[PDB]
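Residue numbers (the authors' numbering), protein chains in the order written: chain M, 787 to 835; chain P, 10 to 148; chain O, 8 to 148; chain N, 10 to 148.
Where a beta carbon is used, it is the ideal one built from N, C-alpha and C, also for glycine.
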Amino acid sequence: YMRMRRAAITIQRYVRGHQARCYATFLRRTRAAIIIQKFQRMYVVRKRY
Amino acid sequence: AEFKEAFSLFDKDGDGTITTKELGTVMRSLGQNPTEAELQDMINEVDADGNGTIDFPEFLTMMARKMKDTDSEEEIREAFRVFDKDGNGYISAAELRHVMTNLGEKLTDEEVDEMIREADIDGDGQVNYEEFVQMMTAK
Amino acid sequence: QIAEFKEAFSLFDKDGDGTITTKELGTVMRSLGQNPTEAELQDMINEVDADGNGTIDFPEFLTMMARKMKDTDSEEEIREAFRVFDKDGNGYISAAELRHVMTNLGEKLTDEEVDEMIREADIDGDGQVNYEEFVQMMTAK
Amino acid sequence: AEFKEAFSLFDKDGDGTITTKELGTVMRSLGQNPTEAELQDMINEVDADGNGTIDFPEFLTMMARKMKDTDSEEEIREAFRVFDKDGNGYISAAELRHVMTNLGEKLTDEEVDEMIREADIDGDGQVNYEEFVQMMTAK
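This is the structure:
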């Protein structure tokens, strides 16, 4: 038992790493979209004026 | 970057005021690049709650209060992803449309269809996103 | 190295004050690559400097990583594991089982952590998961 | 000594139940050192006659019914014999294997061969059974 709980605890650590990295990748994908949408909207207004 | 002359091209009537909803386009006319979110936050942190229009003094005070965030939007010159991970240098037109029209401050499909006019697309269905980012900004 | 880690730090600075809350130390280590214990974080968050600190700068964190590097590196070794939840040796386990293993056993996770995790895990229409593929995905880095 | 967490380590199917034959291992994962006989008596005094699996409620009711007999199986801390009448403090490896594999709820020879790994044996062929009982429990 004290050995096999130390397969659950280790995986629980690796999942906590995995979720944080995934959350970060999603935030970088949303941030990358916002900045480019924004570059487009600044450029599109200035051209027309 | 305040410019009275730019304000006088947004004021057309000569009332001395412009609509509070033309605030994002006036900042962006000037040189700045603020998000639609940052523009709303800038309005919301003043009790311009009931204000239908803004004068040039009001707009000046907001830009001075938020100079640091607003200046940050005209630092950047390069743009990475985070879409590609393989590092192929290519992204599908499907993923490019999805990031533009589904993530963040969404573009319309008609805006995206404008930007993919004259943009090359291979037989896989992928576009060089480095050329595409350069062609949009460097114009 | 430091260039992507600095951008990861600049996404954990929210305020833009150059410093991140000391509570978000474990998540920043996890974001870079590592998989440390919340205990291991407590055993190296303590200091006389960072124990007293409310927020930590990127130089401080880089210093902490250099000091604890060996221990920190040790938490990226694992790539294999065994479970059970299958006795019959199908190679598959239900989402119900996986939640029970994670939230009732070991260092118990919350349901919200498991729900966050099943957004990057293949799950079939049946509601099962190939746990050999799932162990490869979670160690994939 | 009920523990829902321990049940959930033995419910490996999230099904809510564990096999009736894993009842003795669940008791000995909780704490409790029951005989295989006591475990069978506990099952047999419920009309779990046709039951293939047990839920945590069923297991809870059995431990509460039999709490006194089960608690007795974590009082002990010392262990005498009734081999050794000379009081030499020694027993032959032959007698020790016989009491383990022939008497009572018989261990397999392979389990006894595991327990006598590292265990010192003199030139008579005898083992200090006090050290041997301390080594097998104190660990």
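- Spanning the alpha carbons of M:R807 and P:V136 requires a straight line of approximately 27 Å.
- Contact between N:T34 and N:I63 fails: their C-beta atoms lie close to 12 Å from each other, not under 8 Å.
- Neighbours of M:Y829 across chain P, judged by C-beta separation under 8 Å: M145, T146, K148.
- O:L69 is outside the set of residues whose beta carbon lies under 7 Å from a beta carbon in chain M.
- Three or more beta-carbon pairs separated by less than 8 Å are not found between the segment 66-81 of chain O and the segment 118-125 of chain O, which leaves the two stretches without contact.
- For the segment 62-88 of chain P, the residues whose beta carbon sits under 8 Å from a beta carbon of chain M are, in order, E82, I85, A88.
- For the pair of segments examined, the segment 129-145 of chain N was found to touch the segment 90-107 of chain N: the number of CB pairs separated by less than 8 Å reaches three.
- Contact annotation for O:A103 against chain N: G23 [CB-CB distance below 7 Å, chain order].
- By the Cβ neighbour-count rule, O:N42 is buried, with 16 or more other Cβ atoms within 10 Å of its own.
- When the Cα atoms are used, N:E87 and O:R74 turn out to be separated by approximately 48 Å.
- Here O:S17 carries a helix assignment [DSSP, helix/strand/coil].
- Per DSSP, the beta bridge partners of N:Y99 are N:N137.
- In the three-state reduction of the DSSP assignment, N:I125 falls in the coil class.
- Within chain M, the C-beta atoms nearer than 8 Å to that of P:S38 come from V831, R832, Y835, in chain order.
- With contacts defined by Cβ atoms closer than 7 Å, O:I52 and O:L32 form a contacting pair.
- N:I130 carries a coil assignment under DSSP once its states are collapsed to helix, strand and coil.
- Boundaries of the beta strand (DSSP E) harbouring P:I27: 26-28, taken from the DSSP string.
- Unbroken beta strand (DSSP E) runs of no fewer than 3 residues, entirely contained in the segment 31-86 of chain N, are found at 62-64, following chain order.
- Residues of chain M whose Cβ lies closer than 9 Å to the Cβ of P:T28 do not exist; the shortest such Cβ separation is about 15 Å.
- By the C-beta density criterion, N:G96 is exposed, having fewer than 16 other C-beta atoms within 10 angstroms.
- For the segment 809-827 of chain M, the residues whose beta carbon sits under 9 Å from a beta carbon of chain P are, in order, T811, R814, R815, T816, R817, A818, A819, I820, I821, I822, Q823, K824, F825, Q826, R827.
- For O:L116, no CB of chain N lies under 7 Å from its own CB, so it is not counted at the interface with that chain.
- When the five nearest sequence neighbours on each side are left out, the beta carbons in the same chain lying within less than 8 Å of the beta carbon of O:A15 are those of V35, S38, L39, in order along the chain.
- The C-beta separation of P:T146 from M:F825 comes to about 6 Å, placing the pair in contact by the 8 Å criterion.
- In the assembly as shown, O:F92 is a buried residue. Its beta-carbon has 16 or more other beta-carbons within 10 Å.
- The beta carbons of P:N60 and P:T28 sit no closer together than 7 Å.
- Counting along the chain, M:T816 sits inside the alpha helix (DSSP H) bounded by residues 791-834.
- Residues of chain O with a Cβ closer than 7 Å to the Cβ of N:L18 are, in chain order, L112.
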